[PDB]
Amino acid sequence: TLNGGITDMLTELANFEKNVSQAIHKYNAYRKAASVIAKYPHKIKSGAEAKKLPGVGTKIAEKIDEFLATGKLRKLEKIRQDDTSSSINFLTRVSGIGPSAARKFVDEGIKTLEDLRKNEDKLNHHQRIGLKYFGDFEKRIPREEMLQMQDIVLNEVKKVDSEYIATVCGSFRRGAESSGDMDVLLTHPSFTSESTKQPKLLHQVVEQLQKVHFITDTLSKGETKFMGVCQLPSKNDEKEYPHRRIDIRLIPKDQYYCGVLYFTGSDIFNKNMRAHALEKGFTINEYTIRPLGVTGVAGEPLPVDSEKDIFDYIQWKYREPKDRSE
DNA sequence: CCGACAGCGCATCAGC
DNA sequence: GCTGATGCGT
DNA sequence: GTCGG
Ligand SMILES: O=c1ccn([C@H]2C[C@H](O)[C@@H](COP(=O)(O)NP(=O)(O)OP(=O)(O)O)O2)c(=O)[nH]1
Ligand SMILES: [Cl-]
Ligand SMILES: [Cl-]
Ligand SMILES: [Cl-]
Ligand SMILES: [Cl-]
Ligand SMILES: [Cl-]
Ligand SMILES: [Mg+2]
Ligand SMILES: [Mg+2]
Ligand code: NA
Ligand code: NA
């Protein structure tokens with residue numbers, strides 16, 4: 001992290017614009033800049049040098065100069081002082097609580113971990129489980145623990161139906177030595193863009209994992225997406241492992257590649273690729289890549305047999321998962 | 001200038 | 001009950 | 001907040 005100082009400042013500023021200002025476009029702007037600077041292979045020496053990178057303009061260039069001279073940013077110094085901003089920002093750290101509920105809670109006088117705890121009757125299901133595991137969800141997952149969780153998920157999935165295919169994506173598939181959570185892509189031959197021959201496909205898996213005490217709680221659950229909690233089992237006399245966030249996405253088997261491409265990310269890489277796709281005249285989502293007609297309407301699905309085919313369509317050299325961490 | 005900024009599943013609400 | 005708009009995480 | 005046309 002050659003420019004750790006600047007990317008943090010930019011990230012903080014982005015968190016502030018989304019959580020407090022509820023100005024999402026500014027949030028993304030800062031996030032892009034932090035991303036492009038994060039990969040810049042030199043230790044930035046000036047705002048001007050930074051403004052050369054795409055995504056960094058006059059304002060951010062200005063901020064980088066203020067940051068390099070003093071080692072800080074006045075705009076953030078003040079923001080840290082403002083009690084309201086500090087509270088809203090803190091509450092958004094509880095999973096399920098976003099910018100609106102955060103400001104709403106503060107309006108009601110609920111602004112500290114302690115406040116939330118005594119007002120559990122004022123949170124929806126997700127916010128409650130999010131508070132329950134506030135601490136745990138802040139901790140990273142060592143890859144080694146990820147490999148162990150993978151064994152359970154894949155082996156438990158095989159026991160349900162040998163035809164299920166569970167692939168761990170997210171930062172794990174990109175090769176990170178630590179993940180914020182485990183992301184699992186699930187496919188089965190009975191569920192395709194053509195037909196759903198078997199109901200309760202995701203449920204069956206969720207059920208099997210709950211039976212073995214892997215899945216402990218559920219944030220939200222539908223027929224194709226599951227957002228919950230899981231925990232690696234521990235040995236006798238062994239301290240327990242922290243509770244971990246788990247996302248499971250059931251995708252039509254004939255749409256695996258657009259699915260695995262999406263779920264591997266990162267989120268910004270996807271954004272950059274989906275933007276570039278548009279400029280090339282295509283639209284990409286987790287299910288397919290379609291062309292864009294003059295009218296501006298998406299056409300029918302283009303055939304895909306590998307992730308690379310999708311890169312080829314938009315004229316981008318193939319990039320391995322490890323190089324998509326933007 | 002100024003429109004565009006990736007795309008969408010699930011929970012929850014309002015209006016009916 | 002439904003559909004649509006919004007919040008949230010994604 | 002930044003960008004392309
Ligand atoms: O806004 C989003 C969030 C996620 N995604 C994709 C890319 C991301 O890698 C994947 C999994 O989502 P996570 O929130 O789990 N992120 P990731 O696994 O990359 O990082 P982390 O280690 O924080 O979980 O879903 C998007 O496309 N858009
Ligand atoms: Cl904005
Ligand atoms: Cl600062
Ligand atoms: Cl596909
Ligand atoms: Cl589609
Ligand atoms: Cl998702
Ligand atoms: Mg993840
Ligand atoms: Mg996830
Ligand atoms: Na620039
Ligand atoms: Na949150």
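We name chains A, B, ... by the order of the sequence lines, and we start the count at 1 in each one. No hydrogens, no waters, no symmetry mates; every other heavy atom, side chains included, goes into these values.
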How close or far is atom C1' of D:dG1 from atom CD1 of A:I64, stated in whole angstroms? 12 Å

Pairs involving residues 62-74 of chain A, ordered by first then second residue, that meet side-chain hydrogen bond (donor to acceptor under 3.5 Å, both in side chains) (sequence neighbours left out): A:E66-A:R74

Pair A:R244 + A:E145, salt bridge at N-O below 4.0 Å: yes

Would you kindly give the NZ-to-P distance between A:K59 and D:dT2, to the nearest whole Å? 7 Å

From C1'-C2'-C3'-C4' (positive north, negative south), D:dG1 puckers south

Ring-ring stack between B:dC10 and B:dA11, thresholds 5.5 Å and 30°: yes

Nearest-angstrom distance from the residue atom CG of A:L73 to P of D:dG1: 11 Å

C1' atoms of D:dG1 and B:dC8, separation to the nearest Å: 25 Å

Could you tell me the separation between the NZ atom of A:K32 and the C1' atom of D:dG4, rounded to a whole number of Å? 11 Å

Heavy-atom protein contacts under 4.0 Å, nucleotides 5-11 of chain B, coded B base, S sugar-phosphate only, - none: BBSSBSS

Please, which pairs that meet ring pair (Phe, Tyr, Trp, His ring centres under 6.0 Å) have at least one residue in residues 6-28 of chain A, sequence neighbours excluded? none

Whole angstrom value for the distance that separates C1' of D:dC3 from OH of A:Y30: 16 Å

B:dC5 and C:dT10: how far apart are their P atoms, nearest whole angstrom? 23 Å

Any residue meeting side-chain hydrogen bond (donor to acceptor under 3.5 Å, both in side chains) with A:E156, in chain and number order, not counting sequence neighbours: A:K159, A:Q208

Go through the structure and list residues passing ring pair (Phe, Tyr, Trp, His ring centres under 6.0 Å) with A:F105, not counting sequence neighbours. none

Near-strand residues of residues 76-110 of chain A, defined as heavy-atom separation under 4.0 angstrom from DNA chain C: A:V94, A:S95, A:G96, A:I97, A:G98, A:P99, A:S100, A:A101

Check the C1'-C2'-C3'-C4' sign on B:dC10 and let me know if the sugar comes out north or south. south

Contacts of type side-chain hydrogen bond (donor to acceptor under 3.5 Å, both in side chains), residue A:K221, not counting sequence neighbours: A:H203

Interatomic distance at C1', C:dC8 relative to B:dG7, whole Å: 15 Å

Distance test, side-chain N/O of A:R245 to OP1/OP2 of C:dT10, below 4.0 Å: yes

Taking side-chain hydrogen bond (donor to acceptor under 3.5 Å, both in side chains) as the test, write out the residues that go with A:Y256, two or more places apart. none

Which residues pass the side-chain hydrogen bond (donor to acceptor under 3.5 Å, both in side chains) test with A:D217, not counting sequence neighbours? A:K132, A:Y133

Are A:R80 and A:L76 packed together at the side-chain level, in the sense that at least one heavy-atom pair is separated by less than 4.5 angstrom? yes

Here the ring pair (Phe, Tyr, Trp, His ring centres under 6.0 Å) pairs for residues 168-193 of chain A, sequence neighbours left out, are A:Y164-A:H188

Sequence neighbours left out, what passes ring pair (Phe, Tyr, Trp, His ring centres under 6.0 Å) with A:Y318? Give chain and number order. A:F311

Expected output: side-chain A:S21 to main-chain A:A23 donor-acceptor under 3.5 Å: no

To the nearest Å, give me how far apart CD (A:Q127) and P (C:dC8) are. 8 Å

Listing for DNA chain B: consecutive Watson-Crick or G-U pair runs of at least 3, distance cutoff 3.5 Å, ranges ordered by first number, gives B:1-5 with D:1-5, B:8-16 with C:1-9

Calculate the interatomic distance between A:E279 atom CD and D:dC3 atom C1'; express it in whole Å. 10 Å

Rounded to whole Å, OH of A:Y27 lies from P of D:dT2 at a distance of 17 Å

